[PDB]
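# Geometric and topological summary
Residue-level listing of the chains:
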Amino acid sequence: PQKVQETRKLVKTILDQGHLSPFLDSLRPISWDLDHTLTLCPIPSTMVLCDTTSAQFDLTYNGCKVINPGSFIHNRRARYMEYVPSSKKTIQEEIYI
Amino acid sequence: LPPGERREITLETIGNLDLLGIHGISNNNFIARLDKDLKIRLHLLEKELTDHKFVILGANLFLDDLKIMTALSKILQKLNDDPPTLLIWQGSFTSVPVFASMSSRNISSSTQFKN
Amino acid sequence: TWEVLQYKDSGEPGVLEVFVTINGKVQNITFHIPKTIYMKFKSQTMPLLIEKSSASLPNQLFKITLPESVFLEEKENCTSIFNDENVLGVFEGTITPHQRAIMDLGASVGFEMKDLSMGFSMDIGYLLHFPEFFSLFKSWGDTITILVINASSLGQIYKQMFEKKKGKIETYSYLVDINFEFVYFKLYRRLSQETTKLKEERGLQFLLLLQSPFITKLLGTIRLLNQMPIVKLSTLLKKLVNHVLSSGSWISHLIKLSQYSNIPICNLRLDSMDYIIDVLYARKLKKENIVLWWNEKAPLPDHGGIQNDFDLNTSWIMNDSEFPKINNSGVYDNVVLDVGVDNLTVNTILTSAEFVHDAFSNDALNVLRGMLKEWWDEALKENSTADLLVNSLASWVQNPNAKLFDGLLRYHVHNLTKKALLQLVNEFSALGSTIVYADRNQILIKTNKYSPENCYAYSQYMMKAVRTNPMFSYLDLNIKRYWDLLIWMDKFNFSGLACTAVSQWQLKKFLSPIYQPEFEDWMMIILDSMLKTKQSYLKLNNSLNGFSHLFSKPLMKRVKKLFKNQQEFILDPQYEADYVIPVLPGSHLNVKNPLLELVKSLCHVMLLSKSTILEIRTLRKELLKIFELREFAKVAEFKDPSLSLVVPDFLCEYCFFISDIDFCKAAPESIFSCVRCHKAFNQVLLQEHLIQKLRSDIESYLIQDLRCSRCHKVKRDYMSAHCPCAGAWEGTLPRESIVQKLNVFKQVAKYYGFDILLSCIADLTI
Ligand SMILES: [Zn+2]
Ligand SMILES: [Zn+2]
């Protein structure tokens, strides 16, 4: 499905690129001293890669579990997400409103 | 795109540094090391704590919309029955960006954010 | 139905509840409106209402039209045309339905909007609230409810103010008419309950006037029954009585605004004329087939998704504002014309007149020009509303809260204003004069003439000769002062005789308290000597030659005596407070000898005299000999004791006056109140502008280009270690300059006690 493919593409881009801001500094400026924080070089164990313009997901790639609770209020539901560190499950949750 | 590298492979081939201070702080004469036995002990404790849960709220949680606040009141009322270990709030806590006001009649942008 | 009083959105999408007027009654009614959308593609697709279209974009296009329900249910859910598939972005998708209604229907218009197309005399209610002090009034009741001496003082204050405002009350009596009783205070339930009592006694046929500047507006609409038609508005009971009796004038003014602009009475805001300009510009833009960059949700223009991304041009456009203000310091024995200027921005927009990628759209500019000409002609025909509008344009072109705000438009207007000021200086100088100083509000002009009484004719000729050039047809050129003799180094540091003598010196403020009177004394003596010399030379017929000789020897004798006294008393606790140097905003530097600081100041003021450099210089030598300092010693050199911190283009909304304000070189009264009018600036607004300036400069540091340190080429690549000419890369904003800027910010924050700015400064480091 389109929604799956355009998020596999996202996390594969981010983690293969190894760095949270692949874009040129003339398109997303970085504080030069602090660019080391955006680098992911030992790939994190989990990533809450939050994004309001993509579907929710809880993918895994290279052992990195990347989750996105994309937006709090969407399609007349409140949306929130329960990551469980001692098992790495990711139970999505919603309240209708 | 150049192939990503699994966490273990990266850590073992850079020399297993503590790049966080999870085990110890570094100095210019002393790079902190991510001690294997302590790593294992922590990992076993991590698997032991079945009950810990991190709750992540969605983005664009505008505090200045009553519908957001109503929804959120319901959610937090659920969470008070069984508290998270940790609770990530995030992302743009106001509907408009909060910038230098152009007028003094309305309550100013900064003051509104504080409210 | 064929007249409107209010639009508001229904809960459900695309539907409006509307309050309409016909046959002498208000009626509640409801419309259905489709959402118009524009989309752009590089390649064709048409799966399906959708119409291929043509319209100028903001700096393959299809119009799209749906009821908002089907658009909403499709867009957020399906694999539809609204999702991916070579869209370059939706353009007008942010416009709220009732904000489409106000544009296309207005006041002079369920029911399909498909077939809708392009004398007040009723009751009023009132609910103004002053935070706990909820105030309620009607045009159909003889008592007033004012919540938590009271009644007695109310009665006589009403009587006095009613007597003060009789004619204004009488002429607007037919809109709102008079004495009444009083009452005063879980309590908050009375607000909902007695508003039900209002609704029970007037189901329709009355109009509710909401609130005043100490707002809590949204929570107010939670207390208030949300189904009324509502005119939203944003021992001190004198204020409340005054507002109540002012109501009739507000209704008259709002009727004038509505009948002029075709905006319903509830929807237009008195609090911002910029909004009326937004809707009225949106009409003429869509009528000239421009895709509209209205943005409801955020200040930035809705160019589609592109508006969310950082851009070096965009960030330059937002960060930049400084006029290249001219300041030719000197002494002037010729009469100097202190020319005020106003309506400069309006003049540029009227008199103004892809390859350029930060020029505002020339189509939209042409619309703004012709529309401004229309408003201006109606102001010349004494339309109070059109006059107020043209005055308020200077706010709207800058205000980010304008619905049609665009940084490109702000910048286009701004740099045209800059060019126009330079051309105005060119015009005055082309007529044989010479400019002392110039900025966007003021010009000081050397005349090549010597007598004010001789020149009250020629000055008016000169100013007329400027305004009669078409480039300056609309300028408020105004000869605000005549300077007979002028000493000038900047607008915060001057003295002169006006046609009589005034002196003001930020220089003076840095001298220790014993010497500030001494400075003013010798400045009066300098003016007196210069004037004696001018009038002497003119009786005998650059005229200042020899003015030092009338006072040099007294000044040296005085300075010698003061130097002896300083050696006696600078260390003395009896006197040291008069020798302590003041800490101040922009306090530039440490100083070891305060008398030497006075001498440096006097000598610098006198060294402004280009005609007479030699005699002053020799006197300066003979003065510094008292300290045994050599004539050119680095200590004896005068560096300005003040560091400027200019917040560019501050707006006084009370008189729509745009001014750069310098928190260090300006006196405190000019910081906390306007110079032209004298309304006070709000403290938090002021601090917010300082934090905006601070963060703008930090960002300008981090987004800078690097320049080669020995050949000044720009660094074009991303990963070179040095320029190909072997020069090391360096900043175009060196780090030292930004350290200095943060230092003056911390000084200003400490001195004026700007708690928000000071905590921002704290949060940088910590
Ligand atoms: Zn003012
Ligand atoms: Zn070079």
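Rules used throughout
- Residue numbers count from 1 along every chain, following the sequence as written rather than necessarily the entry numbering; any residue without coordinates is not displayed.
- Each chain takes a letter, starting from A, and each ligand takes a number, starting from 1, following the order in which they are written.
- Although these chains sit within a larger assembly, the values stated refer solely to the portion shown.
- Excluded from the side-chain calculation are hydrogens and water; included are all heavy atoms of the structure.
- Residues with missing side-chain atoms are left out of burial classes, side-chain pairs and their counts.
- Exposed residues in this analysis have more than 50% of their type's maximum accessible area, buried residues have under 20%, and partly exposed residues fall in between, with area computed by a 1.4 Å probe over protein chains only.
- Under the scheme used here, helices are H or I runs from DSSP no shorter than 4 residues and strands are E runs no shorter than 2 residues, and both carry numbers assigned from the N terminus.
- In short, DSSP must find at least two bridges between two strands for them to pair.
- By definition, residues are in contact when any of their heavy atoms lie within 4.5 Å.
- Summed over both partners, the accessible surface that disappears when two parts come together, traced with a 1.4 Å probe, is what is meant by buried area.
- A pair is scored as a salt bridge if a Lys or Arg side-chain nitrogen falls within 4 Å of a carboxyl oxygen belonging to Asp or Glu.
- Here a polar contact is recorded for every N or O atom pair within 3.5 Å, except that within protein the pair must consist of a potential hydrogen donor and a potential acceptor, and residues adjacent in sequence are included only if both atoms are side-chain atoms.
- Residue type decides the class: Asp, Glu, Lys and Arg count as charged, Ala, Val, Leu, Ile, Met, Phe, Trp, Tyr, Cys and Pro as nonpolar, and the leftover types, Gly among them, as polar.

Structure determination for this PDB entry was carried out by cryo-EM, with a resolution of 3.2 Å recorded in the header.

Under the PDB entry, the name given to chain C is DNA polymerase epsilon catalytic subunit A, and the source organism is Saccharomyces cerevisiae. The title line of the PDB record says "S. cerevisiae replisome-SCF(Dia2) complex bound to double-stranded DNA (conformation I)".

By the naming in the PDB entry, chain A is DNA polymerase epsilon subunit B, taken from Saccharomyces cerevisiae.

### Section: the pairing of strand 3 (residues 64-67) of chain A
Residues and elements named next belong to chain A. Taking every second residue as pointing to the same face, both faces of strand 3 are buried, with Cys 64 and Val 66 on one and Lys 65 and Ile 67 on the other. Note: strand 1 (residues 46-48) against strand 3, three bridges, orientation parallel. By the bridge assignment, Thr 46 is partnered in strand 3 with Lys 65. Of the pairings in the sheet, the one linking strand 2 (residues 60-61) to strand 3 comprises two bridges and is antiparallel in character. Bridge pairing in strand 3 places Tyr 61 opposite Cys 64. With antiparallel pairing between neighbouring strands as the criterion, strand 2 and strand 3 make up a hairpin whose turn holds two residues, including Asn 62 at a positive phi of roughly 55°.

### Details of the interface of chain B and chain C
Chain B puts 18 residues into the contact, and the matching count from chain C is 23 residues. Between chain B and chain C, a total of about 1,700 Å² is buried, with carbon and sulfur atoms accounting for 58% of that surface. Where chain B touches chain C, the interface holds zero salt bridges. Where chain B touches chain C, the interface holds seven residue pairs in polar contact. Among the elements that make up the side of chain B that touches chain C, the one with the highest residue count is helix 4 (residues 109-114) of chain B (four residues). For the side of chain B that touches chain C, the class distribution of residues is seven nonpolar, nine polar and two charged.

### Here we look at the environment of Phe 91 of chain C
Residue placement: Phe 91 of chain C occurs in the loop between strand 7 (87-90) and helix 2 (97-104). The spatial distance from the C-alpha of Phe 91 of chain C to the C-alpha of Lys 63 of chain C is 9.8 Å, given a sequence separation of 28 residues.

### Description of the interface of chain B and chain A
Opposite the 34 residues of chain B that make contact, chain A presents 31 residues. A combined buried area of about 2,700 Å² lies between chain B and chain A, and 68% of that area is made up of carbon and sulfur atoms. Counting the surface chain B buries against chain A, the share from its top three residues, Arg 7, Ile 56 and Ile 75 of chain B, is 20%. For the pair chain B and chain A, the number of links is one salt bridge. Applying the counting criterion to the chain B and chain A interface returns 10 residue pairs in polar contact. Elements supplying a minimum of two residues to the side of chain B that touches chain A: helix 1 (7-14), helix 2 (36-48), strand 1 (54-57) and helix 3 (66-79) of chain B.

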